[PDB]
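Taking the form deposited in one PDB entry, here's one chain by itself in structure tokens.
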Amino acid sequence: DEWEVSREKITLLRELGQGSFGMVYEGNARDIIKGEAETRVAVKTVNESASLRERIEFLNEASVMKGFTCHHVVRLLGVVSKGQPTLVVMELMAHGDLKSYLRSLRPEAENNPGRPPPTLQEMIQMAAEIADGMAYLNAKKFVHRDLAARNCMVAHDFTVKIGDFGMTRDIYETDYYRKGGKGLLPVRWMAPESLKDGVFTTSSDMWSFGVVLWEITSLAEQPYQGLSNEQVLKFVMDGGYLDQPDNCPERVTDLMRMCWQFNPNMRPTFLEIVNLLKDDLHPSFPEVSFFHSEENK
């Protein structure tokens, strides 16, 4: 493997928190990034008591990430696959997941880091970054299936990136992934047709993107508060959607509404979102984005 890292190069420092299939650690990795003798990293592991399905999914997720190179997607740095346990080493996102980050910015949050909530400009920047990462994933012919603030990560410089590919599926041959039946599923983020027909497409990721905008503007309130999981399933299939957060900027409300068109064919594409926002972004954006890259063809 070009991805293999010697185990002795990794040192675990502390627990970051439970991942999909086991604990994630903050660690040091020696000689993993050219130009750095030692780099602080995130290291994902599988739980000792993980089911066979979970063990398979953990390895599949690492494999998927090997194919990705995008500034707005969290980078896989290496795998320790010699001996045991398997360590999956990724780019450390200094400000954690976006759901946790947004919740910390609430005026009354105990962990308010002493910084103001996102400005409109900052919310637009976040939106464009998330949409750019998603545009990349779509161009690579994957559907994410779990787009949500908790699965976006925030870097040292506050750049947002797509993380957590635990539900991501290849759609190269057909442009959709179908899985009917019972599951432990992110019901509050799922599109009506996913709920009804078990179908997942870039359009259903777009529905979730709308919910991410709602999270950003509500500082990650719980969607459909007061509704149970089963009530949400009914409500959304029947044409229900979320109300606008208090003081939600109108530019963002307009976008959410478009993401929540009942007919998936009427929703925007991720490329359309970046394009809508392209003139309201940091000067570095065209230097790093998938949208502005030669790859976007």
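The numbering used is simple: start at 1 and walk along the sequence shown. Here, rigid core means the biggest group of C-alpha atoms that superpose within 1.5 Å across both forms.
The following text describes the form deposited in another entry, which does not appear among the structures shown.
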* **Of the candidates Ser203, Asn151, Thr168, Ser194, the only Cα that travels 2 Å or more between this form and the one not shown, given a rigid-core fit** => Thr168
* Asked: Honestly, after the rigid core fit, is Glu272 moving at least 2 Å at Cα between this form and the one not shown?
  -> no
* Asked: Using the core for the fit, does the CA position of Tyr101 change by 2 Å or more between this form and the one not shown?
  -> no
* To do: Using a rigid core alignment, state whether the CA of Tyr177 is displaced by 2 Å or more between this form and the one not shown.
  => yes
* in that other deposited form, shift in Cα separation for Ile56 relative to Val187, 3 Å or more -> farther
* To do: Report the direction of the Cα distance change between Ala148 and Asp170 in that other deposited form, compared with the displayed form, as closer or farther; the change is 3 Å or more.
  => closer
